[PDB]
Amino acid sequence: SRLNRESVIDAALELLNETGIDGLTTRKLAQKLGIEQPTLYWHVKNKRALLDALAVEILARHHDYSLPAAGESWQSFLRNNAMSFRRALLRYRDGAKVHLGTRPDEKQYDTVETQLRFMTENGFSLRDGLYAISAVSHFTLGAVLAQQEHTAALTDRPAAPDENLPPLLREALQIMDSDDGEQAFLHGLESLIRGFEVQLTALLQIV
């Protein structure tokens, strides 16, 4: 099949959804594409370059809320931003493991820059705007990794069904796995944003 950037990325994401990150290799990618490894090598040097590119593309394709709406509050933008980040990461198997250790790509510079200018225009210093952005990303990444990687681990070996857990831990785990972890996440996200709001409004006051 065809080996332009787009087709290589499409085949790569298919294979990622078939086999997960740890068994995504240039060997199996070559196989999926019906080509010899030294053909693929012309197009994709290594698994790292491949992972770097999927990270960027999963967002370009599926992270629809990168930009604030005209007039949107910074709280609403961080919420809508986080929800969209979470969506994009969950869309492919081990997606958050793919995102891990990427930095914004040149094709995301203007997007990430705008996001920081927007914060700073709402009364954040660069530094608190940065911390808010970073906290939202790290929170959202952990929440999606815990969920994806809890799941991957269960494929490999089960858990004790209850007949062994102490009572609170027993009902806590029933609750946290009764949706995908979406309510733990949406609740944590409100706590985080209100925390940034309390910090920002305080200004020089001891808070």
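Numbering starts at 1 and follows the sequence shown.
The mean C-alpha temperature factor is higher for 159-167 when 159-167 and 137-145 are set side by side. Relative to its counterpart among 177-185 and 35-43, 177-185 has the higher mean temperature factor, C-alpha atoms as listed in the PDB entry. Comparing C-alpha B-factors across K107, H99, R86, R79 in the deposited entry, the largest value falls on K107. In the PDB entry, a CA B factor belonging to the highest third of its chain's modelled residues is recorded for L24. In this PDB entry, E18 carries a Cα temperature factor that places it within the highest third of its chain's modelled residues. The deposited CA B-factor of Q75 belongs to the lowest third of values across its chain. In this PDB entry, the Cα temperature factor of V8 sits in the bottom third of its chain's modelled residues, the lowest group. In the PDB entry, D64 places in the highest third of its chain by CA B-factor.
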